[PDB]
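This document contains two forms of one protein chain, each encoded as structure tokens and listed individually as structure 1 and structure 2.
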Structure 1
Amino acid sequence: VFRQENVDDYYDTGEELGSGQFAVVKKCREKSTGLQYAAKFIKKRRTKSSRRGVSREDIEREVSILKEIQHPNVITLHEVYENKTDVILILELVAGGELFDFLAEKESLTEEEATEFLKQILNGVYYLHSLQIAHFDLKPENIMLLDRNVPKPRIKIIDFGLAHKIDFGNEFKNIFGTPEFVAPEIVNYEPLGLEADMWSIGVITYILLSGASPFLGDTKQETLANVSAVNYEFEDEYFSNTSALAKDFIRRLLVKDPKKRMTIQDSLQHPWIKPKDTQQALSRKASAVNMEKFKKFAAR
């Protein structure tokens, strides 16, 4: 059971900010404080038999995950309402748009500058994993900015509709997510855990440095074969001004066996992320993101 009052008693709701299949997001303003939020209206599935709406079980999972988390790089739940047909999540307002679109507006980006945005994603996932929460849905459109018009912008990780508590005593298996971004164990209906987020971080980093999707094929089913076999390459047309350390980073994340894939702790320590000496910090300032190609990717 959630707040029963009419959301309109405490909030002035405004214009639409987007819409998944089962949700509408509007801008809103809390009457008692004048602060701005965003109200996500999730459609309740009313009859078990129905394909429309979201089950109570899926909403309660999202909400109790969201209630549980408090960190500068993940989105904050303010408050939760419900009525006959919806569950209404009052969420923090993330106004800066997708990180990839903002990066596409620069004249260039060194591997050094890129690592500073990526450190923010790494910190968010670090916090999550330390609470045994797997996001299960990391992809660029879920990496946002609080505010784009400031010196050093803050990354916000959004969208917990797929997130789960990993419980030590029981396998979790499922197929879900976007084919280009999901790990092999997801594709193959094998046991899942925190390692899937690590594979998605690999896919994101690859795209950030090159503007190419590592596993994207000509049809959905080709993309899945690509993922499952770990069929990827660093082709020179894309990666020829990309350092050895960045390549090694991606390679330790894009790995079929999840027990052998890098952990979140391991990756905060990797020498691409934390240089150990002058040669390593040099060649990271010296290396550039492939900007011409990258811009094209955020353009599609």
Structure 2
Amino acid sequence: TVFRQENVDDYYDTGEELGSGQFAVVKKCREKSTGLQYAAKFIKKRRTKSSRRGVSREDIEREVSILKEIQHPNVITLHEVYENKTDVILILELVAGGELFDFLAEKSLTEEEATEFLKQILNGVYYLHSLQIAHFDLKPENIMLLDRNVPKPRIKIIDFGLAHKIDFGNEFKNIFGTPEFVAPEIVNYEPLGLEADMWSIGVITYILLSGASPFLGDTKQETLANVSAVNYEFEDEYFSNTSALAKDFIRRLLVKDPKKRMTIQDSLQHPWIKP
């Protein structure tokens, strides 16, 4: 599949940088014809077949195809795609309230505040998993607030760079995200499905409640070893006044066997979440 090959700057003016990763940089932008604002994600293309810098066209095409399916209040949307020889440029919905990660660094949250975010995250993941879309990169840096200066911020899930459609219940590729948030099946290079996202949600929930990361080691590999062993515990110093039901929620997500792990539907019916 090919994308619009006109110069993006003939149609948009760019502004503040919103994020910068390994192969992508995201810039605030404004469409000339409408005055409407977006976020332009510039993704570096691979320059040769066997190269290791940049993103493969197959990977970019998968990301675009997935993004095109999405319309939901808690998930980022795609407006337009441009390309040239160097980059593919995704014109994405603008979310201007910054990362949940940076937000958490200001405020630990109360259980009510934690569930305020969690419920939106769960609604967004429910949508994705209903479409057999596994995100595979759920973490606080990939949850964006619309407005961080309101008591109950609205959020959107971003970054579909590792997302996959799971049409056979499981998938077997090179997929591997951030050690603190990856499920044991990813660590052990086993077939992956929708369940891996649910583990990541357990990790996110632990962090929201405590301000600490449950599996974090001194190095990348030690974190990975902790994940595979399910080496975590609820520190009394952090959880002494947290409800046992909140711990129960996390406990049913941080489960090594993906088939024993709570599904997105289970999590929405869990007594801690369910109204």
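One-based numbering along structure 1's sequence throughout. Here the rigid core means the biggest group of C-alpha atoms that line up within 1.5 Å when the two forms are laid on top of each other.
Aligning the rigid core between structures 1 and 2 and inspecting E92, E141, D101, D159, the C-alpha positions shift by 2 Å or more at one residue, which is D101. The two forms, fitted on the rigid core, differ between structures 1 and 2 by less than 2 Å at the CA of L131. After superposing the rigid core, the C-alpha of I175 moves by 2 Å or more between structures 1 and 2. A displacement of less than 2 angstroms separates the C-alpha positions of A229 between structures 1 and 2, with the rigid core held in common.
Taking the rigid core as reference, the CA displacement of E16 between structures 1 and 2 comes to 2.4 Å. Superposed on the core, the two forms differ at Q70, whose C-alpha moves 0.6 Å between structures 1 and 2. Once the core of the two forms is superposed, the Cα of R46 has moved 1.9 Å between structures 1 and 2.
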